[PDB]
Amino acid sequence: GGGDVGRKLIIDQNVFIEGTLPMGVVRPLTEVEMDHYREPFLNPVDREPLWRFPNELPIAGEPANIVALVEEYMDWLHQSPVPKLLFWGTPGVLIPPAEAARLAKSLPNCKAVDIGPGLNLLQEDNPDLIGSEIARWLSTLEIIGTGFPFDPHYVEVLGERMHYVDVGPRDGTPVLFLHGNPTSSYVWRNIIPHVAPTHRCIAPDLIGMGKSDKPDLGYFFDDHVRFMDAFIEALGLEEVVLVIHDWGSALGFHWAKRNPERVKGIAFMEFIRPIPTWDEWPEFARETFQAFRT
């Protein structure tokens, strides 16, 4: 029946972690890094978000509700004067170089930065360029390590505990870092130290991911929207700068569309846009993502 093939891969065999995660990094992840990425998902039942996410991707018009939501935030982004910083690599996964270049020209107030060879987790291939460029860009606004040496923070959100990194000073505009699938705040570990000297860095683990709680949800995008909206409010955030990636970019752009006065800049990379046909998905990943959605 529907879903059996993709669930066997992602839920039973843990393919998103053991296979697709390496497919998203140009360099080889170390065993220590793999173990940090594996930690939330040792129990197969906890792998639901890893499977629902690729089934939410807006590919070939489906699911229609996600396609519409993403089209809406992309239209918002095209009409917004907010400062934008777009990182891209070659060949990319979600964003081919030609699309990055086009968006750098068509989006208002947008600087683009080539990180060199990159797939999906650009932060793993060139953290020092991404971090240093974010830090320089923040200084203009009108506002590779394997460890995770951050003090834990936890906040109750709609009755569920969410984990986050929170470092840097409390007397400015904070920078909110949003990860995607199948990562956690760990993906930002080598970016945050470039920013923390000047700006507060807040990096939550999405519900069901990282060190956040694992409620019995379907882990649709709607669930992530609800929990991230409530996380932001539970921290009392007013205005923010966003640094977003992958499904975290869908969260960040959708939040910005709904809260435009509160977004003072967006840095983004390997982000969710509508993929009109399977031909626009990279061949090396096409049979994999088709199977995930079977």
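Start at 1 with the first residue shown and count on from there.
Enquirer: Enter the number of deposited residues without atomic coordinates between residue 167 and residue 168, binned as none, 1 to 3, 4 to 9, or 10 or more.
Expert: According to the record, the chain runs unbroken from residue 167 to residue 168.
Enquirer: Using only C-alpha atoms and the B-factors in the entry, which stretch averages higher, 172 to 180 or 148 to 156?
Expert: According to the entry, 148 to 156 carries the higher average C-alpha B-factor.
Enquirer: With respect to the recorded C-alpha B factors, which stretch has the higher mean value, 159 to 167 or 127 to 135?
Expert: Averaged over C-alpha atoms, the B-factors run higher in 127 to 135.
Enquirer: Among 209, 110, 201, 122, where is the Cα temperature factor highest, going by the PDB entry?
Expert: Reading the PDB entry, the winner on C-alpha B-factor is 110.
Enquirer: Which third of the chain does residue 18 land in by C-alpha B-factor: lowest, middle or highest?
Expert: Answer is middle: the recorded C-alpha B-factor places it there.
Enquirer: What third of its chain's C-alpha B-factors does residue 143 belong to: lowest, middle or highest?
Expert: It belongs to the highest third of the chain when residues are ordered by C-alpha B-factor.
Enquirer: Could you say whether, by C-alpha temperature factor, residue 269 belongs to the lowest, middle or highest third of its chain?
Expert: Lowest third.
Enquirer: Name the third of the chain's ranked CA B-factors that contains residue 59, choosing lowest, middle or highest.
Expert: As the PDB entry reports it, the C-alpha B-factor of residue 59 lands in the highest third of its chain.
Enquirer: Can you work out whether the C-alpha temperature factor of residue 78 puts it in the lowest, middle or highest third of the chain?
Expert: Residue 78: CA B-factor falls in the middle third of its chain.
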